[PDB]
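Take the position in the sequence shown, starting the count at 1, then add 1; the result is the number in my numbering.
The C-beta atom is built at its ideal place from N, Cα and C for all residues, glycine as well.
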Amino acid sequence: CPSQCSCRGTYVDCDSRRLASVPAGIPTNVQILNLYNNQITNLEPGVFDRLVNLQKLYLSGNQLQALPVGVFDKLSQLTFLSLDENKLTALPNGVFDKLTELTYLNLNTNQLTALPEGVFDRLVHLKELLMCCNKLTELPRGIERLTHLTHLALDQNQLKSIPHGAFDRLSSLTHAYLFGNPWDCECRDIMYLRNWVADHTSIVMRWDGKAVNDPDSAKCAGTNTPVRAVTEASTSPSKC
Ligand SMILES: CC(=O)N[C@@H]1[C@@H](O)[C@H](O[C@@H]2O[C@H](CO)[C@H](O)[C@H](O)[C@H]2O[C@@H]2O[C@@H](C)[C@@H](O)[C@@H](O)[C@@H]2O)[C@@H](CO)O[C@H]1O
C-alpha cells in the first residue's frame, strides 16, 4: 500500500489526499483504485500497466489536461472509468479501445472540443456515457451504435442539433440529459430532436442536484422556448 493511502483489501483509497502525482506503492492485486479529489496534473506513460486486475478507476476531480497514448491499454478487466472534473483539452486516438468490459465512462466537466474518430466504437458494453459540461459542437459519431446505454449526458455543451436518427437505436435509455445547449431552432435540422424529445418525454432529464424528469428542459438558443414546442413552419433549411 502507498504510504499516503489506505488499502482494505483490493480497494486502494487515495482520495482527497492532496496528491500531486500518482503515488508509488500501488499493489498489483488492486481492483478499485480511488484517486478522486487530488491535484494530479499528469499521468506518466506506463503508470497503470502493472495494474492488470483493475475493475474501477476513479480519476475524478484532478487537473489532467492530457493523457499519454496507451495509458489504459493494459486494463483488460476495467468496467468503470471516471475522468470527470479534470481539464482535458483532447483525448489520444484509440484511448479507450482496449477497455472491452467498460460499462461506465464519465467525461463530465472537462475542456473537450472534439473527440478522436471512433473513440467509443469498441465500447460495445457501455451502459452509461456522461460527457456534460464540455465544449462539444456536434454529437460524437458512433454514439448511435451504443445500444445498451441507459444513461447519456450531453448537457451544457455547445450542441446546436442532433443528426437525423442518431438516438433511434438507443432503446434502453432511461436518462437523457440535453439541457444547457444552444439548440438552433431556426434551422430545420432541429426537427429530429424536436420529434424525438416529444416522443420520449419520460426519459429527458434536467439536474436539480439530482435527476428530474423535464422534457421542456432542452431549450432553443436565444428564445429559451422548449425544443419540443418547435413547429416545422418556424424553421427553414436555409438558416443552417
Ligand atoms: C463519478 C461521478 O459520479 N461524478 C458525478 C458527476 O457525474 C455529476 O455531474 C452531473 O452528472 C449528471 C449526469 O449524471 C449531469 O450531467 C449533471 O449536469 C452533472 O452536474 C454537472 O456537474 C456538477 C459537478 C455540477 O457542476 C453541476 O452543477 C453540473 O450540472 C456530479 C453532480 O454533482 O456528481 C459527481 O459525483
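Asked, Found
"Reference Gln32; option with closest CA among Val13, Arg146, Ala21", "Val13"
"Any beta strand (DSSP E) of 3 or more consecutive residues that is wholly inside the region 147-200", "152-154, 176-178"
"Cut-off 8 angstroms between Cβ atoms - residues of its own chain near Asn39, not counting five sequence neighbours on either side", "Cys15, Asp16, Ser17, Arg18, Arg19, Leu20, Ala21, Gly62, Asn63"
"Cutoff 6 angstroms; reference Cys241; Cβ partners in own chain excluding five residues on either side", "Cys188, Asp190"
"Beta-carbon proximity check, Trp184 vs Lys220, cutoff 8 angstroms", "yes"
"Distance between beta carbons of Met192 and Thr236, contact taken as under 8 angstroms", "7 angstroms"
"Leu130 to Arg170 span [Cα, whole Å]", "15 angstroms"
"Burial state of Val120 (16 or more Cβ within 10 Å)", "buried"
"For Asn111 and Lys161, the rounded distance between their alpha carbons", "19 angstroms"
"Where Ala212 falls: helix, strand or coil (DSSP)", "strand"
"Endpoints, beta strand (DSSP E) assigned at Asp14", "12-14"
"Cβ shell of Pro46 (< 6 angstroms), same chain only, five flanking positions each side left out", "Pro69"
"One or two residues paired with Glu129 in a DSSP bridge", "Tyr105, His152"
"DSSP state of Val231 mapped onto helix, strand, coil", "coil"
"Cβ shell of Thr138 (< 6 angstroms), same chain only, five flanking positions each side left out", "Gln159"
"For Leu124 and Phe97, the rounded distance between their alpha carbons", "8 angstroms"
"Best match in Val213, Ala67, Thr29, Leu194 for proximity to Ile163 [C-alpha to C-alpha]", "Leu194"
"Which of helix, strand or coil DSSP assigns to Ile204", "helix"
"Supposed close pair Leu92, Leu127 - CB separation, criterion 8 angstroms", "About 15 angstroms; that fails the 8 angstroms criterion."
"Any non-hydrogen atom of ligand 1 closer than 7 angstroms to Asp14 Cβ", "no"
"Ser173 vs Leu155 beta-carbon contact at 8 angstroms", "no"
"Sequence-distant residues of its chain with Cβ nearer than 8 angstroms to residue 1 (five each side left out)", "Absent from the model: residue 1. The displayed extent of the chain is 2 to 241, so no value can be given."
"Cβ distance (whole Å) where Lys57 is taken to contact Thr80 below 8 angstroms", "7 angstroms"
"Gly71 versus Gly95: straight-line alpha-carbon distance, rounded", "8 angstroms"
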